[PDB]
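Only one chain is given next, in structure tokens, and it is the form deposited in one PDB entry.
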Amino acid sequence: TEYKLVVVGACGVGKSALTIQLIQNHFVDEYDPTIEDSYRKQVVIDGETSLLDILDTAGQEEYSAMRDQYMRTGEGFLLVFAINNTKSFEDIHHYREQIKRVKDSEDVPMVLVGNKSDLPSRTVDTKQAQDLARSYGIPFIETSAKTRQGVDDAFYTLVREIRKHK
């Protein structure tokens, strides 16, 4: 079985860093903000293997029929913010609504990902993230692409969410 995962979130939250840690097991500090490529990876989850197709999104702050098309094939979404960036946590709501639009559906598999948990200076409290995730009916996973903490879990959890949805 194959699963199409899409990684979304505001500029600079760690979309590309998270994805490259999962795929290539290293942390990148300066990854081109315009590159929007897909990656492949077979993984074993709860005894069952899947081929993961992960679409790293980028682009400009704008509507794009082209991007809508690449994202409509997504079966699950990683909603990423950075714990030291309040604006990125506020954008989460807008990302979820855009997903609902492109998929014409309220119950798309999704996980909320609070990235950069290695950093000391957090502006977004765990409790606000937990309540937001609670209201959406989705899991919330803290991660650090730098240390690799939570990275497998973020993606593995999204796959479980997709599996349950069928």
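Whichever C-alpha set is largest while still superposing within 1.5 Å between the two forms counts as the rigid core. Note that residue numbering follows the sequence shown and begins at 1.
As for the form deposited in another entry, it is not shown, yet the points below apply to it.
Out of 123, 60, 135, 126, I need the residue that shifts by 2 angstroms or more at the Cα between the shown form and the other one, core superposed.
Result of the superposition: 60 is the only one at 2 Å or more.
Pin down for me whether the residue 63-residue 104 Cα distance shrinks or grows in that other deposited form relative to this form (closer or farther, change of 3 Å or more).
They are farther apart; the C-alpha distance rises by 3 Å or more in that other deposited form.
Your call: residue 60 and residue 86 CA atoms, closer or farther in that other deposited form versus the shown structure, by 3 Å or more?
Those two alpha carbons end up closer in that other deposited form.
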